[PDB]
2 protein chains.
Amino acid sequence: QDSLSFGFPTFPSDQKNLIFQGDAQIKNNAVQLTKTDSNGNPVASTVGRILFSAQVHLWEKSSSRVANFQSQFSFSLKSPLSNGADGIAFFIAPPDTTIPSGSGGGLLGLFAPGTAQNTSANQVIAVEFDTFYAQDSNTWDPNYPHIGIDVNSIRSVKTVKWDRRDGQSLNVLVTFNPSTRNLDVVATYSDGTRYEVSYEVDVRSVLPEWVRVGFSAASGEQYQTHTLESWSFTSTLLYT
Amino acid sequence: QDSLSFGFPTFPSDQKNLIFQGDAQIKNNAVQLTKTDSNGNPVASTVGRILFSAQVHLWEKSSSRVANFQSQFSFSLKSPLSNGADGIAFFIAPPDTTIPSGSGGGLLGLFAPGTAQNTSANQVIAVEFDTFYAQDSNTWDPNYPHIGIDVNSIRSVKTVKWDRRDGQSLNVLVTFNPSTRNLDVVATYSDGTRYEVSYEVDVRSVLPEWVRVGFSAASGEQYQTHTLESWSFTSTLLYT
Ligand SMILES: OC[C@H]1O[C@H](O)[C@@H](O)[C@@H](O)[C@@H]1O
Ligand SMILES: OC[C@H]1O[C@H](O)[C@@H](O)[C@@H](O)[C@@H]1O
Ligand SMILES: [Ca+2]
Ligand SMILES: [Ca+2]
Ligand SMILES: [Mn+2]
Ligand SMILES: [Mn+2]
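Residues numbered from 1 in each chain as written, not as in the entry; some residues may be left out. Chains lettered and ligands numbered in written order. Heavy atoms only, no water. Residues with missing side-chain atoms left out of burial classes, pairs and counts.

Trainee: Teacher, can you tell me more about the coordination of the manganese ion (ligand 6) here?
Mentor: Octahedral six-donor coordination of a metal ideally yields angles of 90 or 180 degrees, compared with 109.5 degrees for tetrahedral four-donor coordination. Residue and element names in this part refer to chain B. Taken together, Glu128 (OE), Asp130 (OD), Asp141 (OD) and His146 (NE2) make up the protein donors of the manganese ion (ligand 6), found 2.0 to 2.3 Å from the metal. The sequence pattern formed by the donor residues of the manganese ion (ligand 6) is E-x1-D-x10-D-x4-H. Distance-wise, the calcium ion (ligand 4) is placed 4.1 Å from the manganese ion (ligand 6), both being coordinated by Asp130. Given the relative accessible area of 5%, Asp141 is considered buried. (Donors = N, O, S within 2.8 Å, 3.2 Å for Na, K, Ca; no water. Buried < 20%, exposed > 50% of the residue type's maximum accessible area, 1.4 Å probe, protein only.)

Trainee: What is the right way to read the UniProt feature "binding site: Mn(2+) 2" (unreviewed entry) in chain A from this model?
Mentor: All names here are of chain A. The UniProt record marks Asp130 and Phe132 with the feature "binding site: Mn(2+) 2" (unreviewed entry), using the residue numbering of this structure. If you trace the backbone, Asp130 turns up in strand 10 (residues 125-130). The contacts of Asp130, once residues within four sequence positions are left out, are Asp86, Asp141, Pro145, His146 and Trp162. Structurally, the position occupied by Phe132 is in the loop between strand 10 and strand 11 (146-151). (UniProt positions renumbered as here; feature names shortened; annotations may be inferred. Helix = DSSP H or I, 4+ residues; strand = E, 2+ residues; numbered from the N terminus. Contact = heavy atoms within 4.5 Å.)

Trainee: Help me understand unusual backbone geometry, please; the structure alone is not making it clear to me.
Mentor: Trans is the common state for peptide bonds, and a negative phi is the common state for residues other than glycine. Residues and elements named next belong to chain A. Note the cis peptide between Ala85 and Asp86, where omega equals 0°. Along the chain, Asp86 turns up in the loop between strand 8 (65-78) and strand 9 (87-93). Of note, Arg181 is a non-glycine position whose phi angle comes to about 65°, a positive value. Within the secondary structure layout, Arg181 lies in the loop between strand 13 (170-177) and strand 14 (182-188). Under the relative-accessibility criterion, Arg181 is labelled partly exposed at 36%.

Trainee: How do you make sense of the site of ligand 1 when you look at a structure like this?
Mentor: Residues and elements named next belong to chain A. In the neighbourhood of ligand 1, the contacting residues comprise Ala85, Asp86, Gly105, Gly106, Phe132, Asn138, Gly220, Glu221 and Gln222. For ligand 1, an oxygen atom lies 2.6 Å from a polar atom in the side chain of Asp86. Here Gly106 contributes a backbone N or O atom positioned 2.9 Å from an oxygen atom of ligand 1. Residues belonging to the shell around ligand 1 are distributed by class as follows: two nonpolar, five polar and two charged. (Near = heavy atom within 4 Å. Polar contact = N/O pair within 3.5 Å; in protein donor to acceptor, adjacent residues only side chain to side chain. Nonpolar A, V, L, I, M, F, W, Y, C, P; charged D, E, K, R; others polar.)

Trainee: So what exactly am I meant to see when it comes to the coordination of the calcium ion (ligand 4) here?
Mentor: Residues and elements named next belong to chain B. With distances of 2.2 to 2.5 Å, the protein atoms coordinating the calcium ion (ligand 4) are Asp130 (OD), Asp130 (OD), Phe132 (O), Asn138 (OD1) and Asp141 (OD). Counting the intervening residues between successive donors of the calcium ion (ligand 4) yields the motif D-x1-F-x5-N-x2-D. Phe132 sits in the buried class, given a relative accessible area of 17%.

Trainee: Where do I start with the interface of chain B and chain A in this structure?
Mentor: How big an interface is tends to be stated in terms of the accessible area lost upon association of its parts. Each side of the interface is counted separately: chain B has 19 residues, and chain A has 20 residues. No other element matches the six residues that strand 1 (residues 3-8) of chain B contributes to the side of chain B that touches chain A. When the residues that make up the side of chain B that touches chain A are grouped by side-chain class, the tally is eight nonpolar, seven polar and four charged.

Trainee: Is there a simple way to think about the packing of aromatic side chains in this case?
Mentor: Aromatic rings considered in pairs are described by the distance between their centres and by the relative angle of their planes. The full count for this structure, using the stated rule, is 34 aromatic pairs over all chains. With 5.6 Å between their ring centres and 25° between their planes, A:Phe6 and A:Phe233 make a pair best called stacked. With A:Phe6 in strand 1 (residues 3-8) and A:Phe233 in strand 17 (residues 225-239), this pair connects stretches of sequence that are 227 residues apart. Residues B:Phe215 and B:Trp231 carry aromatic rings whose centres are separated by 5.0 Å and whose planes lie at 85° to one another, so their mutual orientation is edge-to-face. With a gap of 16 residues between them, B:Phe215 in strand 16 (residues 210-219) and B:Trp231 in strand 17 (residues 225-238) connect regions that are remote in the sequence. For the residue pair B:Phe215 and B:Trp231, the accessibility class agrees, reading buried in each case. Over the ring of A:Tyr239 we find A:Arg65; its NZ or CZ atom is 5.5 Å from the centre of that ring. (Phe/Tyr/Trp six-rings, centres within 6.5 Å; stacked < 30°, edge-to-face > 60°. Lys NZ or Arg CZ within 6 Å of the ring centre and 35° of its normal.)

Written out as structure tokens, the structure reads:
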């Protein structure tokens, strides 16, 4: 289809169109990307991702068209630790994408250690909300919590300072305009605090014509829940 | 998802989200539901169907909601014969539906011969565009071409006389309003000739909560091409 849209105002346990990978599962009408024990507390060493089952037609070689897409979602992170980790990301990848071996912790379930900073070795565009930046292990990160735009590498092409707020929902709107090739991210907390970051990228040179969209999160030695609360997505092919 | 929408203005050969069954295949930017020969001519004894791959949440018991949905599509029928057969149908059925054994010809690839008129044995709602009605083999049909609403039986609960026009595209809008439980069908040719048929039906008592939607067509001894040219669909769960 040239156009596709879907909306999850909440996530009831009865799901048919989500691909669950790793530890991801539905609990209390939300998607818990990372594992929680019986009491709902976060645990270490866990990775989980979800993908929408239908493939999205991102661009079409034959017709010179590229999709205009918008992804709106909300999530919250909670941890009793002072340094909850590692973060959650909205991502776009080839349809057969699976969790790479050893992609836990700071790799966010998106990259393999050996090629995490090798741009010619990956095909992924992701928007990360990264809460762990210890310079000794997450050497590629700026030294503070941040929102980053990742294009084929865990070392973000761009980051902006962000504040992690325990148990508070962050609403995010990610949009891509094929005319300007701008990928824009706008995130807000309920008190109006706003974060914005934009990057120009030709998706046709990074991803295949058909892709799958979803979310990924992970926790290494440090941990926190990564709860996806709602998600709506729309995409339509346009002449450029 | 509570809401789902997709649009196919045309059908390029590179499809990823369609389930093809029987003889259905893409050809010249359209879906040819029934088999054609090397030159594009329709042939006898063929059945074909397509279904969109993502499942539609038609109703939700826990919340007492039922979806409002709209399906718009256009198709054309062509045949060397003056009495082409057998017809095309838009249908909604359980997700695992497959072509029933012996469902060719007048059964339109939707019902099994032995239970075609047994309402307690089927789970399907279909809107048929039936061009063949000989009473020796299609004993359940009115004696004229017709559009019909089928609820668990090949013997339509409601029909309207219709005119088959060789090679002309018919534009169809099928809508279901949960507030009134009315399934409405409006079909029009480009010159403005219009046909309408509606029926009140509680989808909750006929189909499961999750379903798949698609099209089916067949040709028995008499034949014609059944070309699906475009298709758009949208569904939204509503409390009514
Ligand atoms: O969880 C914090 C931290 O723990 C370990 O050091 C590794 O798993 C890192 O990749 C991760 O960033
Ligand atoms: O095609 C016309 C007619 O041919 C045969 O008689 C059978 O396949 C019927 O079911 C069909 O309606
Ligand atoms: Ca990090
Ligand atoms: Ca018939
Ligand atoms: Mn980072
Ligand atoms: Mn009929």
